[PDB]
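Okay, so here's just one chain, in structure tokens, the form deposited in one PDB entry.
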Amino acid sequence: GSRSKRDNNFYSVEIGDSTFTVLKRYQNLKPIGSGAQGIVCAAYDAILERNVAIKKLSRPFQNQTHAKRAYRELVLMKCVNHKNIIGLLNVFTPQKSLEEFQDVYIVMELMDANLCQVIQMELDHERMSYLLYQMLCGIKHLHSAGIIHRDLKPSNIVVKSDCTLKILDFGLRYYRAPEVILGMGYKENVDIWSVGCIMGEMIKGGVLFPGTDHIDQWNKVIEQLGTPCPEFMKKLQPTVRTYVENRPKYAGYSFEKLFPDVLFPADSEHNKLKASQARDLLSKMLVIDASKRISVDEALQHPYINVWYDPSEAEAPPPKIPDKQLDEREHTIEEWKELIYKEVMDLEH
């Protein structure tokens, strides 16, 4: 064809049951992870002379919700530049026309692992608090851009062996806040719940609230933390409220019982203090009613976290988001495909 000459910019490699077709600069692809949206490889970028990560997203325009999330991810990864948010190095599609376009490849800095194996390590307070600080800095930065995540979880947070941390994406069941799973309103501190779930899991090993489904998720939460107040119940839609109220009246456990000293270090007065501080922060993050839950700014000032505080990191000015791109405007699926294709072709280096 007329555009067929473009194909020579790329080559293909089989990765499991998928073909990766990438720019020739990216060499020796190897799988490093998988999620729902994409398959991720490590590669050597011969132009930058460094290793990178490459995520393949197929058919990001499959419906309006998927398309909005994908477009927002491209826009935000481009305009955001913060040490605790994964950076965009390149984006491309190997297909040569709008009609043939299906796959988007996002090239990022290569981190070493996701937070999953860290959670199972024996972490001291120094490493736990620094990881949590970094997560809070990244979340604060997103919130300052008008971006509330709602879906933070260990698989979308990555680390390096120097204990640095970056969040992989920009959001929208074990880690989702009550207000998300129950379809209520939400505000910024929706993301504090998820931080609390991850912190709690670092200490307890097991997922705190391992619901087998939606209602089971709620049951795990109230069994541990107690049935919420009538003030909370009145904020529920009528059908949801009937469910939520139609079960046993759990009182919950104290945070001393949920997170006893035996799960923390006890070799010193310093560590005794830090166990108490960690438990105190957990008691302020793992709060069902968001109106009584700590904010991100308050968490960053909490003594457990604040030892790491640096305003150049926590108060970095927000990105300039380009006009309308992060709108609430709606579009047909064909229009969404066109918008994403245009963004991909514009963004490529």
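The term rigid core refers to the most C-alpha atoms you can superpose between the two forms while keeping them within 1.5 Å. Residues carry their position along the shown sequence, with the first being 1.
Compared with other PDB entries of the same protein, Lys272 is missing from at least a third of those that resolve the residues around it. Among other compared entries that model residues flanking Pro311, every one gives it coordinates, keeping it clear of the one-third cutoff. In the deposited entry, the stretch joining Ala266 to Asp267 is continuous, with no residue of the deposited sequence left without coordinates. Remark: stretch with higher mean C-alpha B factor among 5-13 and 334-342 is 5-13. Stretches 223-231 and 194-202 differ in mean CA B factor, with 223-231 having the higher one. Ranking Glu188, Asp261, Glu179, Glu100 by Cα temperature factor from the entry places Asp261 first. The top Cα temperature factor in the record, among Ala290, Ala316, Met285, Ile39, falls on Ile39.
Looking at the C-alpha B-factors along this chain, the one for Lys272 belongs to the highest third.
In the PDB entry, a CA B factor belonging to the middle third of its chain's modelled residues is recorded for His66. In the PDB entry, a CA B factor belonging to the middle third of its chain's modelled residues is recorded for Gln237.
In the deposited entry, the Cα temperature factor of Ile321 sits in the top third of values across the chain's modelled residues. In the deposited entry, the Cα temperature factor of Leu208 sits in the middle third of values across the chain's modelled residues.
If you look for the form deposited in another entry, you will not find it shown, but the lines that follow are about it.
Following superposition on the rigid core between the shown form and the other one, the residue from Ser97, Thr164, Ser155, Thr242 with a C-alpha displacement of 2 angstroms or more is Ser97, and no other.
Core-aligned CA deviation for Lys68 between the shown form and the other one: 2 Å or greater. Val307 is not among the residues whose C-alpha shifts by 2 Å or more between the shown form and the other one once the rigid core is aligned; its shift stays under 2 Å. Once the cores line up, the CA of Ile106 ends up 2 angstroms or more apart between the shown form and the other one.
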